Amino acid sequence: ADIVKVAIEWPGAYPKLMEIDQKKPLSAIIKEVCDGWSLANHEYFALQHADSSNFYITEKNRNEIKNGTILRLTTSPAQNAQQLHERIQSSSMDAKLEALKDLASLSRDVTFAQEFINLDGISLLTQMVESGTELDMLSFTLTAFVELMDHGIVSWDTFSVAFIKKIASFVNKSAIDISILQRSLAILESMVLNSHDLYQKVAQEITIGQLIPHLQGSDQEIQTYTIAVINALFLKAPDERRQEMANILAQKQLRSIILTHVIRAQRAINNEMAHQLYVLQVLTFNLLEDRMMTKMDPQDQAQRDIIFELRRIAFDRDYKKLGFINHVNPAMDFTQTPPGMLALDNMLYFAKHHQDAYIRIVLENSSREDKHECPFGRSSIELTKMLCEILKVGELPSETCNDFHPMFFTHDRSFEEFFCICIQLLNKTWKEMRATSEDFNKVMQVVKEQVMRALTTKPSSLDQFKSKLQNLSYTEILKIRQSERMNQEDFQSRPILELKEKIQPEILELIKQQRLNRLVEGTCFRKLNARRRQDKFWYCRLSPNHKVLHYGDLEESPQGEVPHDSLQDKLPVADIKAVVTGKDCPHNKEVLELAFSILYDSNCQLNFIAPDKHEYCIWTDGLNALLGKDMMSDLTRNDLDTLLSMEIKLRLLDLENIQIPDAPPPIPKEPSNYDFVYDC
């Protein structure tokens with residue numbers, strides 16, 4: 001279709017109508033136009049949309065050619081450029097002002113960004129910034145500047161460390177408008193992301209004391225900003241430096257602020273922000289992996305002072321009762337990270353935190369010679385490390401997740417709370433198991449399960465999490481799972497099995513109907529590299545035809561829905577070829593498991609992100625149905641069989657409490673009496 005039909009504008013006319021030969025060039029038919037329009041130097045005139053923000057149409061944007069509207073011909077983009085390189089580059093508040101609002105818009109332009117690099121837009125801005133007499137329209141300035149630096153073509157150094165100090169003032173100024181100082185921040189943290197020196201002197205441009213009130217501002221956005229900022233703050237430092245860093249940090253009762261304006265933010269937290277928080281958490285955590293990484297020198301004494309006086313508090317070979325792995329020197333076990341020194345720290349923590357309950361435990365099992373004393377050094381390091389990994393401390397997330405644990409904010413060392421709670425439930429369920437030293441691991445394992453399933457609670461409070469300790473079941477859980485298993489086994493009995501297979505297809509069908517509903521409702525989608533206020537999130541709906549998806553756009557937000565229609569709206573469905581998952585979204589890692597690329601006409605396709613494995617299966621399988629394909633996540637089969645179960649229960653009812661014929665009695669010969677017996 002190397003043609004496109006169009007109605008066409010000009011100041012002072014009616015629409016020239018071009019079924020542009022697309023095989024005819026941009027500029028060839030451009031001159032066709034402009035000299036069918038007397039626009040001398042036809043090439044001095046570029047084409048955007050006549051309509052909204054109207055970005056020019058290049059190979060890609062002319063790949064972004066469409067039909068059904070009218071377009072904006074105007075000066076060349078570099079022509080436009082030098083024009084503003086007059087207007088904004090003039091102190092003509094009219095010219096600078098209007099053209100500047102314009103340029104702020106344009107700078108979504110990355111082409112003219114290249115062009116304007118070449119008009120040295122940045123020198124212009126650095127000027128208009130460092131230079132405007134107590135400078136609004138400069139909101140446009142930064143706006144542009146932003147989308148430019150965004151375009152990332154940008155090097156960054158030209159923002160001079162001195163001009164950067166100008167920044168440190170702009171921010172150090174009366175906190176500039178949400179727009180203003182916010183974007184300031186944004187680019188700041190960016191330049192941070194670029195290089196060492198940048199980050200360094202950024203610190204040498206900032207204080208936390210600065211940073212603090214701004215987050216104490218209520219704006220979810222402003223917070224989110226300086227939040228991710230401080231995230232980066234810890235991202236780059238030297239631990240040495242970064243120690244003193246964290247030190248002052250929490251030393252601002254920091255978590256209190258967290259609590260009040262964020263945790264106690266009823267006005268919820270940008271899943272953006274909240275994600276940064278996910279992160280922040282991770283960081284705060286890994287800070288300490290160091291000690292989790294720090295092993296031991298058993299031959300040393302000072303540690304032995306530590307451990308003896310602890311035992312002594314716990315009391316006041318000589319360690320045999322103390323049920324380590326080793327009673328001559330369990331210190332070797334802590335020349336092993338995980339946890340190394342970490343577990344010793346923890347025991348000290350439960351102690352000074354709960355010397356009462358602490359020594360209570362100490363003598364609890366170190367006393368019983370049944371099969372239910374506890375392997376103390378063993379259990380200790382066990383819990384320690386198992387946590388760590390269940391946490392995966394020392395790790396680097398991605399922008400992956402927007403979720404967290406406020407319980408770990410319900411104390412600064414809210415871990416050590418978790419630690420001791422774990423030891424509580426630990427001996428507790430140990431005895432719910434009345435376990436013995438071997439099973440321990442599995443115990444731990446199930447313990448992990450426990451906590452996992454306890455963290456399946458997505459709890460909020462360590463003490464709500466003790467309410468969760470309550471909510472626990474010792475073994476009703478394995479009951480639920482393997483019970484579904486064994487009932488499936490029973491129903492597999494032959495005569496029981498018979499109609500199972502037969503109906504199970506349309507059982508699945510029912511599934512598929514609901515799937516139909518689902519795909520019609522349509523869901524959000526987190527895009528890729530669509531951070532920084534692009535609809536990374538983007539939702540969906542669908543025509544009951546099922547045949548043109550009517551998809552949409554969203555954002556990673558605090559509160560609720562935001563179904564704002566996008567060009568991510570409409571697409572004929574059955575044309576679609578298929579969908580892949582994971583790797584073939586081809587570019588953390590865990591999101592691969594939620595990555596899946598819907599591919600259709602040859603490359604017209606998209607990589608894709610589900611909001612959950614639920615939604616993964618949801619789309620995957622509903623799609624399967626759309627492609628007449630079978631559904632996969634045997635969660636779906638779980639359903640099927642649940643459905644199955646009671647359904648055929650109905651059929652057990654047909655002969656309730658009547659013996660199961662496994663060996664089916666045959667069909668005796670049909671009596672030839674078609675002289676029937678009784679009429680009917």
# chains A, B, ... in the order shown; residues from 1 in each chain; ligands from 1
$ residues_around --residues "stretch 249-258 of chain A" --least-positions-apart "3" --cutoff "9 Å" --atoms "only C-alpha atoms" --output "VMD selection string"
chain A and resid 208 212 215 to 216 244 to 246 261 to 265 409 to 412
$ write_last_selection --atoms "N, CA, C and O atoms" --output "PDB file, in the first residue's frame"
ATOM      1  N   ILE A 208      21.407  15.835  52.919  1.00  0.00           N
ATOM      2  CA  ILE A 208      20.166  15.182  53.291  1.00  0.00           C
ATOM      3  C   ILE A 208      19.266  16.177  53.994  1.00  0.00           C
ATOM      4  O   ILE A 208      18.117  16.370  53.601  1.00  0.00           O
ATOM      5  N   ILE A 212      15.315  16.442  53.320  1.00  0.00           N
ATOM      6  CA  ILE A 212      14.389  15.854  54.272  1.00  0.00           C
ATOM      7  C   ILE A 212      13.018  16.506  54.155  1.00  0.00           C
ATOM      8  O   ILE A 212      12.041  15.816  53.820  1.00  0.00           O
ATOM      9  N   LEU A 215      10.613  15.540  51.047  1.00  0.00           N
ATOM     10  CA  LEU A 215       9.849  14.343  51.297  1.00  0.00           C
ATOM     11  C   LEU A 215       8.835  14.567  52.393  1.00  0.00           C
ATOM     12  O   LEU A 215       7.729  14.030  52.325  1.00  0.00           O
ATOM     13  N   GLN A 216       9.177  15.364  53.398  1.00  0.00           N
ATOM     14  CA  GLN A 216       8.128  15.689  54.349  1.00  0.00           C
ATOM     15  C   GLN A 216       6.987  16.457  53.704  1.00  0.00           C
ATOM     16  O   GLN A 216       5.927  16.593  54.321  1.00  0.00           O
ATOM     17  N   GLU A 244      28.398   5.779  57.187  1.00  0.00           N
ATOM     18  CA  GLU A 244      28.045   7.054  57.790  1.00  0.00           C
ATOM     19  C   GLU A 244      26.785   7.599  57.175  1.00  0.00           C
ATOM     20  O   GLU A 244      25.956   8.212  57.860  1.00  0.00           O
ATOM     21  N   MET A 245      26.609   7.335  55.888  1.00  0.00           N
ATOM     22  CA  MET A 245      25.402   7.733  55.190  1.00  0.00           C
ATOM     23  C   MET A 245      24.163   7.144  55.856  1.00  0.00           C
ATOM     24  O   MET A 245      23.335   7.873  56.413  1.00  0.00           O
ATOM     25  N   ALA A 246      24.040   5.819  55.826  1.00  0.00           N
ATOM     26  CA  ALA A 246      22.903   5.167  56.467  1.00  0.00           C
ATOM     27  C   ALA A 246      22.776   5.599  57.913  1.00  0.00           C
ATOM     28  O   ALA A 246      21.668   5.738  58.449  1.00  0.00           O
ATOM     29  N   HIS A 261       4.498   9.879  56.664  1.00  0.00           N
ATOM     30  CA  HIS A 261       4.043  10.439  55.412  1.00  0.00           C
ATOM     31  C   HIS A 261       3.921   9.401  54.326  1.00  0.00           C
ATOM     32  O   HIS A 261       3.473   9.731  53.226  1.00  0.00           O
ATOM     33  N   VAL A 262       4.327   8.171  54.596  1.00  0.00           N
ATOM     34  CA  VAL A 262       4.329   7.172  53.548  1.00  0.00           C
ATOM     35  C   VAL A 262       3.533   5.978  54.004  1.00  0.00           C
ATOM     36  O   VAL A 262       2.478   5.659  53.453  1.00  0.00           O
ATOM     37  N   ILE A 263       4.044   5.299  55.015  1.00  0.00           N
ATOM     38  CA  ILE A 263       3.266   4.227  55.596  1.00  0.00           C
ATOM     39  C   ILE A 263       1.940   4.782  56.064  1.00  0.00           C
ATOM     40  O   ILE A 263       0.871   4.412  55.569  1.00  0.00           O
ATOM     41  N   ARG A 264       1.998   5.745  56.958  1.00  0.00           N
ATOM     42  CA  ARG A 264       0.790   6.432  57.342  1.00  0.00           C
ATOM     43  C   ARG A 264       0.268   7.324  56.257  1.00  0.00           C
ATOM     44  O   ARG A 264      -0.699   8.049  56.494  1.00  0.00           O
ATOM     45  N   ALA A 265       0.857   7.316  55.070  1.00  0.00           N
ATOM     46  CA  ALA A 265       0.139   7.907  53.958  1.00  0.00           C
ATOM     47  C   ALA A 265      -1.050   7.025  53.625  1.00  0.00           C
ATOM     48  O   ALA A 265      -0.909   5.993  52.962  1.00  0.00           O
ATOM     49  N   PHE A 409       9.423  -2.018  58.396  1.00  0.00           N
ATOM     50  CA  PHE A 409       9.485  -0.673  58.914  1.00  0.00           C
ATOM     51  C   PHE A 409       8.900  -0.571  60.305  1.00  0.00           C
ATOM     52  O   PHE A 409       9.141   0.421  60.991  1.00  0.00           O
ATOM     53  N   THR A 410       8.139  -1.564  60.748  1.00  0.00           N
ATOM     54  CA  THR A 410       7.604  -1.510  62.102  1.00  0.00           C
ATOM     55  C   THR A 410       8.682  -1.700  63.141  1.00  0.00           C
ATOM     56  O   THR A 410       8.387  -1.803  64.335  1.00  0.00           O
ATOM     57  N   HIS A 411       9.921  -1.780  62.691  1.00  0.00           N
ATOM     58  CA  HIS A 411      11.053  -1.485  63.534  1.00  0.00           C
ATOM     59  C   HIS A 411      12.229  -1.202  62.630  1.00  0.00           C
ATOM     60  O   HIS A 411      12.236  -1.586  61.462  1.00  0.00           O
ATOM     61  N   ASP A 412      13.188  -0.462  63.163  1.00  0.00           N
ATOM     62  CA  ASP A 412      14.412  -0.227  62.425  1.00  0.00           C
ATOM     63  C   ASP A 412      15.120  -1.538  62.167  1.00  0.00           C
ATOM     64  O   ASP A 412      15.363  -1.917  61.020  1.00  0.00           O
TER      65      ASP A 412
END
$ select_by_dssp --residues "stretch 488-673 of chain A" --states "strand (DSSP E)" --output "number ranges by chain"
A: 540-542, 548-551, 570-572, 578-579, 598-599, 605-606
$ closest_residue --among "A:468, A:148, A:143, A:122" --to "residue A:160" --atoms "only C-alpha atoms"
A:122
$ select_by_dssp --residues "stretch 196-400 of chain A" --states "alpha helix (DSSP H)" --output "VMD selection string"
chain A and resid 196 to 203 208 to 216 220 to 236 239 to 251 254 to 257 271 to 286 289 to 293 302 to 313 341 to 365 376 to 391
$ residues_around --residues "stretch 7-20 of chain A" --least-positions-apart "5" --cutoff "10 Å" --atoms "only C-alpha atoms" --output "mmCIF file with N, CA and C atoms, in the first residue's frame"
data_model
loop_
_atom_site.group_PDB
_atom_site.id
_atom_site.type_symbol
_atom_site.label_atom_id
_atom_site.label_comp_id
_atom_site.auth_asym_id
_atom_site.auth_seq_id
_atom_site.Cartn_x
_atom_site.Cartn_y
_atom_site.Cartn_z
ATOM 1 N N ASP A 2 1.721 1.365 -1.007
ATOM 2 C CA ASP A 2 2.741 2.406 -0.984
ATOM 3 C C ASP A 2 2.128 3.752 -1.346
ATOM 4 N N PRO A 25 8.961 9.559 -2.238
ATOM 5 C CA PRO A 25 9.617 9.973 -0.997
ATOM 6 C C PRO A 25 8.798 10.953 -0.185
ATOM 7 N N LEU A 26 9.201 11.061 1.082
ATOM 8 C CA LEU A 26 8.774 12.145 1.945
ATOM 9 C C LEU A 26 8.889 13.420 1.146
ATOM 10 N N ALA A 28 9.949 14.162 -1.897
ATOM 11 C CA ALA A 28 9.516 14.290 -3.281
ATOM 12 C C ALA A 28 8.078 14.764 -3.333
ATOM 13 N N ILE A 29 7.188 14.006 -2.708
ATOM 14 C CA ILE A 29 5.823 14.464 -2.642
ATOM 15 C C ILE A 29 5.721 15.707 -1.766
ATOM 16 N N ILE A 30 6.693 15.951 -0.885
ATOM 17 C CA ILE A 30 6.707 17.210 -0.148
ATOM 18 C C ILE A 30 6.770 18.368 -1.118
ATOM 19 N N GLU A 32 6.161 18.224 -4.342
ATOM 20 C CA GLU A 32 4.859 18.153 -4.986
ATOM 21 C C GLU A 32 3.895 19.076 -4.277
ATOM 22 N N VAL A 33 3.810 18.929 -2.965
ATOM 23 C CA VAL A 33 2.952 19.791 -2.177
ATOM 24 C C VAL A 33 3.390 21.228 -2.324
ATOM 25 N N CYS A 34 4.539 21.537 -1.753
ATOM 26 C CA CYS A 34 4.882 22.907 -1.446
ATOM 27 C C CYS A 34 4.991 23.743 -2.698
ATOM 28 N N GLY A 36 3.041 22.747 -5.185
ATOM 29 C CA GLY A 36 1.649 22.790 -5.552
ATOM 30 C C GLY A 36 1.032 23.760 -4.587
ATOM 31 N N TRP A 37 1.921 24.485 -3.921
ATOM 32 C CA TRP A 37 1.568 25.379 -2.835
ATOM 33 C C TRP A 37 2.457 26.603 -2.813
ATOM 34 N N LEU A 39 5.161 26.978 -1.865
ATOM 35 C CA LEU A 39 6.024 27.072 -0.707
ATOM 36 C C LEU A 39 7.440 26.937 -1.221
ATOM 37 N N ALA A 50 -1.226 18.046 11.940
ATOM 38 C CA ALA A 50 -1.904 19.309 12.160
ATOM 39 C C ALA A 50 -2.474 19.345 13.559
ATOM 40 N N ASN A 67 -3.695 7.214 8.069
ATOM 41 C CA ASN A 67 -4.674 7.947 7.273
ATOM 42 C C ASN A 67 -5.961 8.195 8.053
ATOM 43 N N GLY A 68 -6.578 9.343 7.784
ATOM 44 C CA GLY A 68 -7.811 9.728 8.431
ATOM 45 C C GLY A 68 -7.815 11.083 9.110
ATOM 46 N N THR A 69 -6.850 11.959 8.822
ATOM 47 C CA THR A 69 -6.814 13.329 9.344
ATOM 48 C C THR A 69 -5.999 14.255 8.436
ATOM 49 N N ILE A 70 -5.580 15.389 9.005
ATOM 50 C CA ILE A 70 -4.842 16.422 8.291
ATOM 51 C C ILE A 70 -3.591 16.771 9.083
ATOM 52 N N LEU A 71 -2.606 17.355 8.401
ATOM 53 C CA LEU A 71 -1.265 17.455 8.951
ATOM 54 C C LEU A 71 -0.775 18.894 8.926
ATOM 55 N N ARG A 72 0.302 19.141 9.667
ATOM 56 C CA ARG A 72 0.844 20.478 9.867
ATOM 57 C C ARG A 72 2.148 20.621 9.101
ATOM 58 N N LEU A 73 2.106 21.369 8.008
ATOM 59 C CA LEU A 73 3.305 21.796 7.308
ATOM 60 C C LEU A 73 3.780 23.111 7.900
ATOM 61 N N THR A 74 5.092 23.250 8.045
ATOM 62 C CA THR A 74 5.651 24.447 8.656
ATOM 63 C C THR A 74 7.109 24.575 8.248
#
$ residues_around --residues "residue A:269" --least-positions-apart "6" --cutoff "9 Å" --atoms "only C-alpha atoms" --output "list in words"
residues 220, 224, 262, 263, 275, 557, 558 and 559 of chain A
$ write_last_selection --atoms "N, CA, C and O atoms" --output "tab-separated table (two decimals), in the first residue's frame"
chain	number	residue	atom	x	y	z
A	220	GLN	N	2.67	12.89	46.78
A	220	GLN	CA	3.10	11.58	46.34
A	220	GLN	C	4.15	11.68	45.27
A	220	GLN	O	5.15	10.96	45.31
A	224	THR	N	7.92	10.55	45.89
A	224	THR	CA	8.43	9.59	44.91
A	224	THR	C	9.75	10.04	44.34
A	224	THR	O	10.71	9.27	44.26
A	262	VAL	N	4.33	8.17	54.60
A	262	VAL	CA	4.33	7.17	53.55
A	262	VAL	C	3.53	5.98	54.00
A	262	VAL	O	2.48	5.66	53.45
A	263	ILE	N	4.04	5.30	55.01
A	263	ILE	CA	3.27	4.23	55.60
A	263	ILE	C	1.94	4.78	56.06
A	263	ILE	O	0.87	4.41	55.57
A	275	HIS	N	7.36	1.18	44.45
A	275	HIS	CA	8.38	0.32	43.90
A	275	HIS	C	9.75	0.74	44.34
A	275	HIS	O	10.57	-0.08	44.75
A	557	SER	N	0.77	3.60	39.94
A	557	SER	CA	0.13	4.67	40.68
A	557	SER	C	-0.09	4.33	42.15
A	557	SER	O	0.08	3.18	42.58
A	558	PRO	N	-0.41	5.33	42.97
A	558	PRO	CA	-0.74	5.06	44.36
A	558	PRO	C	-2.06	4.34	44.57
A	558	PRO	O	-2.11	3.28	45.19
A	559	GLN	N	-3.15	4.92	44.05
A	559	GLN	CA	-4.49	4.64	44.55
A	559	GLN	C	-5.28	3.60	43.76
A	559	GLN	O	-5.60	2.54	44.30
$ atom_distance --atom1 "atom CA of residue A:319" --atom2 "atom CA of residue A:292"
24.0 Å
$ closest_residue --among "A:142, A:80, A:177, A:540" --to "residue A:116" --atoms "only C-alpha atoms"
A:80
